[PDB]
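Peer 1: Structure below; questions to follow.
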Amino acid sequence: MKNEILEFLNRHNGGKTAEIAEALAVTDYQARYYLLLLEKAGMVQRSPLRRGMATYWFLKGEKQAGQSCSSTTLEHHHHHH
């Protein structure tokens, strides 16, 4: 169930793959394979954990981190207007 993995990362944030599996206690093997498939869509992200042994996977940071209101109110509505 990928929904449990994404919803889980929402409440928390930052956990190795086998660690994320422990949180859901689901199929750690299938859990990790999910973060990868989802990461390809851009709904989740992962970190090259260079200090441990299981990388890291967590929701795509959060939201409003790119389309914040579409940033369509920072160029003056038509100069002079």
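Numbering (this note's numbering), first residue to last: 292 to 372.
Even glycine gets a Cβ: it sits at the ideal position worked out from N, Cα and C.
Could you please give me the residues that DSSP links to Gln336 through a beta bridge?
Peer 2: Looking at the DSSP output, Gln336 bridges to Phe349.
Peer 1: Among the candidates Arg323, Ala312, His303 and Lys293, whose CA atom is the shortest distance from the CA of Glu353?
Peer 2: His303
Peer 1: Helix, strand or coil: which one does DSSP assign to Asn304?
Peer 2: coil
Peer 1: Assign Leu327 to buried or exposed, taking buried as 16 or more other Cβ atoms, counted over all protein chains shown, within 10 Å of its Cβ.
Peer 2: exposed
Peer 1: Taking only three categories from DSSP, how would you classify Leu328?
Peer 2: helix
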